[PDB]
Each structure stands twice: as structure tokens, then as C-alpha cells.
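# Breakdown of the fold
Chain by chain, the residues run as shown.
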Amino acid sequence: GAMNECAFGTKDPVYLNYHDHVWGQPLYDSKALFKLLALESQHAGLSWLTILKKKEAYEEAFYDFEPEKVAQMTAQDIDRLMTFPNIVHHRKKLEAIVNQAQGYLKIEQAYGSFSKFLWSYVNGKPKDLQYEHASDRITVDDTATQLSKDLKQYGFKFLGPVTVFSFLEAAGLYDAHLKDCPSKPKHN
Ligand SMILES: Cn1cnc(N)c2ncnc1-2
Ligand SMILES: [Zn+2]
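Structure determination for this PDB entry is given in the record as X-ray crystallography, at a resolution of 1.80 Å.

See the structure below:
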């Protein structure tokens, strides 16, 4: 039915729990948003479920994505992570998270809150994309393109427009659930 169409055809409870409890569900906590963003940056070349299943390994490797701690990681820390089990052993991908954490800190210095910075891109409330079929879905748009360009100036890496669009859907700044999906959030 609708949930199958909405949730990328999966019957995996890990992915379904993610669909129901995280994906497209508005998230306002700054450190939690950073986490989703950093995980999205690890996707390219792999399946998304692959990254999802590596989440706990990443949390251990990156101090539960606490940006103050991640931003201080050294080349020697990355050397160590290249053989840490069950994260993606892609050196630029791992280095990118450290750079992202530095950029988060710069944003917070200028704007107070990474969450307030991000939510501004949708005027403070979730944009319902109003999809009816999975075939309606696009992979990038103007807002994601702008946010991608803007993050670069603060030192974020591995976050192109398509990747940022995926993050907006995941964080619930965009609601990409189908109209009849039982997990579609209510809006006001
Ligand atoms: C298919 N899919 C579902 N959820 C996400 N967060 C994703 N990121 C990249 N691709 C994704
Ligand atoms: Zn859904």
C-alpha cells in the first residue's frame, strides 16, 4: 500500500522505524540536525540503508556527533578511524565530517543556533511537498542548491545540492511523505 510506496519498498524494521520516527519528522535540535547532515554526507556511492546501519559505529567514531569535540579531531584521529570497524573507510568522507563540525561552530557564532540558521531556509515551518506518488519525487531544488552553496563558505564538505535536498527531507524541513502514507506528519 501507501507505506510501501513511500518508504522505498522496504520491509526492514530498521528502515521502517527510521521512516516512521525520523524521516520527514520536523527536527529542531541543533546538534541532532548536525548529526543527520553529517550522515547524509557519507552516502555517495553507497545505499542509504547501508549508512543507516552504520549509525552506531559513526556515533562511537565521532563522539556522538558533538560538534565541539568533532571539530577538534586531528589527522592522527582520522588515521585511527581508517581502520575503525563499520564506518565508511573513505578518507575524504571522514575528513569532511570534521570540516562540517568546524562550519557548524562558525554558523553558531554568527547566528546563535544552527537550527535557527537552517529553519530560516523554509521560513521556520516544514514545507509540505504534497506528493501523491513516489514518481512525483524530485531529487534537488533551488532552496537545497542555495543551502549547499551557503554551507561551503563556512567550510562544509561533501554536501552538494542533491545531498542537501536529501537532508532537508530527512530532517523534516521538507515533508516528502506521500499523501496516504500512514507516517506522514500532520501540519499546521
Ligand atoms: C533513499 N533515502 C532515504 N532516506 C534518506 N535519508 C536518504 N538519503 C539519501 N537517500 C536517502
Ligand atoms: Zn512515508
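### Notes on the side chain of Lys-35
Position of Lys-35 relative to the elements: it lies in helix α3 (residues 30–40). Judged by its relative accessible area of 15%, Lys-35 falls in the buried class. Dropping the residues within four chain positions of it, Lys-35 is found in contact with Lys-55, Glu-59, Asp-64 and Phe-65.

### A word on the pattern of salt bridges
Under the definition given, this model contains eleven salt bridges. Taking the shortest distance from any N to any O, the salt bridge between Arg-80 and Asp-77 comes out at 3.2 Å. You can see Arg-80 and its partner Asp-77 sitting in helix α7 (residues 75–81), three residues apart, about one turn around the helix. Where salt bridges share partners, they join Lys-35, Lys-55, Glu-59 and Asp-64 into one cluster.

### Focus on α3
The buried count for α3 comes to nine of eleven residues, which makes it a mostly enclosed element. Here α3 has its buried residues at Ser-30, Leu-33, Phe-34, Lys-35, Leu-36, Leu-37, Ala-38, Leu-39 and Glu-40. One side-chain oxygen at the N-terminal end of α3 lies 3.2 Å from the backbone nitrogen of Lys-31; it belongs to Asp-29.

### Topic: the coordination of the zinc ion (ligand 2)
Distances from the zinc ion (ligand 2) to its protein donors, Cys-6 (SG), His-19 (NE2), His-177 (ND1) and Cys-181 (SG), fall within 2.0 to 2.3 Å. Written as a sequence motif, the donor arrangement for the zinc ion (ligand 2) is C-x12-H-x157-H-x3-C. Overall, the relative accessible area of 0% leaves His-177 in the buried class. Assessed through its relative accessible area of 5%, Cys-181 is described here as buried.

### Details of the site of ligand 1
In the vicinity of ligand 1, the contacting residues are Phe-8, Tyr-15, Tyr-18, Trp-23, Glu-40, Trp-48, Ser-166 and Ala-170. One of the side-chain nitrogen or oxygen atoms of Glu-40 is found 2.7 Å away from a nitrogen atom of ligand 1. At 3.4 Å, a side-chain N or O of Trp-48 approaches a nitrogen atom of ligand 1. For ligand 1, whose unbound accessible area comes to 280 Å², protein coverage reaches 84%. Secondary structure elements with two or more residues in the shell around ligand 1: α2 (13–21) and α11 (161–171). A per-class count over the shell around ligand 1 returns six nonpolar, one polar and one charged.

### A short note on the nonpolar core
Core analysis: the biggest nonpolar cluster contains 54 residues, and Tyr-58, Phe-62 and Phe-114 have the highest contact counts within it. Not counting chain neighbours up to four residues away, the residues in contact with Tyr-58 comprise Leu-39, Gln-42, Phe-65, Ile-87, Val-88, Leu-94 and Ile-97.

### Topic: the packing of α3 against helix α8 (residues 91–111)
It is the contact of α3 with α8, at a shortest axis distance of 11 Å, that shows an interaxial angle of 150°. Like other packed secondary-structure pairs, α3 and α8 cross with a definite hand, here right-handed. Listed contacts from α8 to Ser-30, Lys-31, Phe-34 and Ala-38 of α3 are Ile-97, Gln-100, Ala-101, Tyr-104 and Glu-108. Residues belonging to the contact of α3 with α8 are distributed by class as follows: five nonpolar, two polar and two charged.

### Considering the packing of α3 against α11
Each pair of packed helices gets described by two things: the angle between the helix axes and the distance between those axes. α11 packs onto α3 with a crossing angle of 140° between their chain directions and a minimal axis gap of 9 Å. Taken together, α3 and α11 sit at an angle that is classed as oblique. Considering how the two elements wind past one another, α3 and α11 form a crossing that is right-handed. Together, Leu-33, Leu-36, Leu-37 and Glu-40 of α3 and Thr-163, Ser-166, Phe-167, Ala-170 and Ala-171 of α11 make up the contact between the two elements. Class assignment for the residues of the contact of α3 with α11 results in six nonpolar, two polar and one charged.

Conventions used here
Residues numbered from 1 in each chain as written, not as in the entry; some residues may be left out. Chains lettered and ligands numbered in written order. Heavy atoms only, no water. Helix = DSSP H or I, 4+ residues; strand = E, 2+ residues; numbered from the N terminus. Buried < 20%, exposed > 50% of the residue type's maximum accessible area, 1.4 Å probe, protein only. Contact = heavy atoms within 4.5 Å. Salt bridge = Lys/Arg side-chain N within 4 Å of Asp/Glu carboxyl O. Polar contact = N/O pair within 3.5 Å; in protein donor to acceptor, adjacent residues only side chain to side chain. Donors = N, O, S within 2.8 Å, 3.2 Å for Na, K, Ca; no water. Near = heavy atom within 4 Å. Areas by Shrake-Rupley, 256 points an atom, 1.4 Å probe, with all protein chains shown as cover. Nonpolar A, V, L, I, M, F, W, Y, C, P; charged D, E, K, R; others polar. Core = buried A, V, L, I, M, F, W, Y, C linked by side-chain atoms within 4.5 Å. Axes fitted to C-alpha atoms, helices over the stretch in contact; angles between N-to-C directions. Left-handed = near helix turned anticlockwise from the far one by under 90°. Parallel < 35°, antiparallel > 145°, perpendicular 65-115°, else oblique.

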